[PDB]
Each structure stands twice: as C-alpha cells, then as structure tokens.
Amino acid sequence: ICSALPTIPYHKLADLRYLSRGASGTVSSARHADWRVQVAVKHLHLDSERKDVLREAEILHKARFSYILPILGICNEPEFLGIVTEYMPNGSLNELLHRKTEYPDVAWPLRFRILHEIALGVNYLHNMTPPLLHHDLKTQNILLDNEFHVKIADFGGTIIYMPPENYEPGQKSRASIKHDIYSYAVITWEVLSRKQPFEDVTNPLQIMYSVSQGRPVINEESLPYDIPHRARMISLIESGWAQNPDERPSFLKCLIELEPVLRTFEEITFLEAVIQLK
C-alpha cells in the first residue's frame, strides 16, 4: 500500500514568521489557510538543491512514527522550495535542559519519559527496511510537543555527541550502527545532569583529543545519589559511550532495561511535571 505526500502551494501558508536560520536553510512558523492548523516550514532562501529537499521529504514521509517529527506536505514551486511539518510549540530538549531561569525544575518522571521516547524513536528508525540511521543525534534535534512528548527531528555544530571513531570519517564510519547509541549515552548523561558536557574544556579540538584518549564526569557533583535508578542509568551511559563500538548496546536492549524504570513512576507525576513547566 502506497501513499503520496501532499503538495502544499506556498500561498496556502499564511502568517509566516522566522523562527531560526542555519545549515539546510531557515525555519519559519505559519498557519495553513485551508487546514486551519499551525505548521513549521523548513525552506531554502538549483537542481541539486531541489533534489535535497525532495530526499529529506521522502525520508520524513517514510520514517512516520509516534516519536518522529510528522511531515504534512512539500512546497515544490518555481519560486519556493520547502518541507512542511507539524509545529512543535515547546522548543528542543537543549532549551529545556539549559534555560534554568525559565525552567527551575524538570521532574524525574518527565526526564525519564523524554529518554524513553528518544530511545523508542531512534529504535524505530533502526528497525526500518533498510535501517535508517540519524548520525547527528543531539539535544537540539529532540523537539517537544504541547505535552512535552518527544519528536525526533533533523535541523541539518557540536562534536560532543560524536563517537571517537567518526572523527576521521570513512565508508565504514558512515555505515556504523553504533554511532546513535554513543550520542544517546551523552544525551542520557546531559538529561540526568542538566550540565553542558565537557563544560570545563576550552576548545572543541581539546574535547576531541580528550574523547579519543577515552567522557563527561560521572560523580556525585554531576550525577547526585538521589537520581532514581542511578546505578542502572550510569551502567547504561557507560555502556553506550564505550570506546569499543562492539561493546555498545542496541536501542532494543536499552528499551528492555528502561521499560521497568518507567513503570516505577505514577502516571499523574508526568502531568504534574508538565503543569510545573507552564
């Protein structure tokens, strides 16, 4: 069973506002004139360019799942080229974790749910035919919906989530199935700590040197003893960011370890975590 991705005429996008700018182009918010929903527009502002947008659209359309940014349509016009997705109103994980004045507390149930949902999403990509690999997993690429549920995106930067064997890339390093789990381990650490990994280091180049020798600090300072399931978590972090790519777990194995942890949290506590953020 096949399904075509809708084509959205640029003029059907009303109330267009700039959100961000960088690599792969600019991101804008808008409303669909006929659908009456708020949308996000990732666009370029010539033939090779056209093919890139069409390829991203196809991946996003095929990667359709509960914890993946939902694509709504494509703008493929002489005057405009862009990807139209659902609008994520609560920014990224990065902004939740590090805007500490705006967000004083981020309750453990919400933190563990975010971790469980990142793993559910990456796991799904890894189970496609053929497997889909992110290879640029970072806190900026973890979008949060209205109820602070995860949608994995790719904004198209930091080296802190990169496995050391990816530093000098090749045909084997780009085909690595143990890259995402390294990034996940650092994300897992950054979520439980609310600390910028390798904060004390001066140069990203020095971080690369440090990393290649053999990680961000696992102590009482960074990770206090009151962290729910601390031991099992630390064991998962250490295991995921292990210098030997073969000494790294699958996302399925992490999920199986995470499933009992999430059950120790009462359903109400997730709703209370979110009300606390508003």
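By rigid core we mean the largest C-alpha set that fits within 1.5 Å across both forms. Don't overthink the numbering: it's just position in the shown sequence, from 1.
A.B. asks: Kindly name the stretch, out of 25-33 and 238-246, whose CA atoms are displaced more from this form in 6 other deposited structures of this protein after the core superposition?
C.D. replies: Looking at 25-33 versus 238-246 in 6 other deposited structures of this protein, the farther one turns out to be 25-33.
A.B. asks: Give, as the answer, the stretch of 196-204 and 106-114 that departs more from the shown form in 6 other deposited structures of this protein; the measure is RMS Cα distance after a core fit.
C.D. replies: The more displaced stretch in 6 other deposited structures of this protein turns out to be 196-204.
A.B. asks: Would you please confirm whether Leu46 lacks atomic coordinates in a third or more of the other entries that were compared?
C.D. replies: That residue is missing from at least a third of the other compared entries.
A.B. asks: Would you please confirm whether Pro169 lacks atomic coordinates in a third or more of the other entries that were compared?
C.D. replies: Looking at the other entries that model residues on either side of it, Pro169 is missing from at least a third.
A.B. asks: Please say, as none, 1 to 3, 4 to 9, or 10 or more, how many residues of the deposited sequence are without coordinates in the interval between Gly156 and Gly157.
C.D. replies: According to the record, 10 or more deposited residues lack coordinates from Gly156 to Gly157.
A.B. asks: Quick one: classify how much of the deposited chain lacks coordinates between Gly214 and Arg215, choosing none, 1 to 3, 4 to 9, or 10 or more.
C.D. replies: In the deposited sequence, 1 to 3 residues between these two have no coordinates.
A.B. asks: Going by the B-factors listed in the PDB entry, is the mean over the C-alpha atoms higher for 180-188 or for 161-169?
C.D. replies: According to the PDB entry, the answer is 161-169.
A.B. asks: On mean Cα temperature factor in this entry, is 258-266 or 18-26 the higher one?
C.D. replies: Comparing 258-266 with 18-26, the higher average CA B-factor belongs to 18-26.
A.B. asks: Quick one: which of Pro131, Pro104, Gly73, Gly91 shows the highest Cα temperature factor in the PDB entry?
C.D. replies: Highest C-alpha B-factor among the listed residues goes to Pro131.
A.B. asks: Given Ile68, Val37, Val41, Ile218, identify the residue with the highest C-alpha B factor in the PDB entry.
C.D. replies: That would be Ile218, according to the entry.
A.B. asks: Please place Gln140 in the lowest, middle or highest third of its chain by C-alpha B factor as given in the entry.
C.D. replies: Within its chain, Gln140 is a lowest-third residue by C-alpha B-factor, going by the deposited values.
A.B. asks: Which third, lowest, middle or highest, does the CA B-factor of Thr85 fall in along this chain?
C.D. replies: It belongs to the lowest third of the chain when residues are ordered by C-alpha B-factor.
A.B. asks: Ordered by C-alpha B-factor within the chain, which third holds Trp108? Give me lowest, middle or highest, please.
C.D. replies: Its C-alpha B-factor belongs to the middle third of this chain's values.
A.B. asks: How does the C-alpha B factor of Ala273 compare with the rest of the chain: lowest, middle or highest third?
C.D. replies: Its C-alpha B-factor belongs to the lowest third of this chain's values.
A.B. asks: Once the chain's modelled residues are ordered by C-alpha B factor and cut into thirds, is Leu125 in the lowest, middle or highest one?
C.D. replies: As the PDB entry reports it, the C-alpha B-factor of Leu125 lands in the middle third of its chain.
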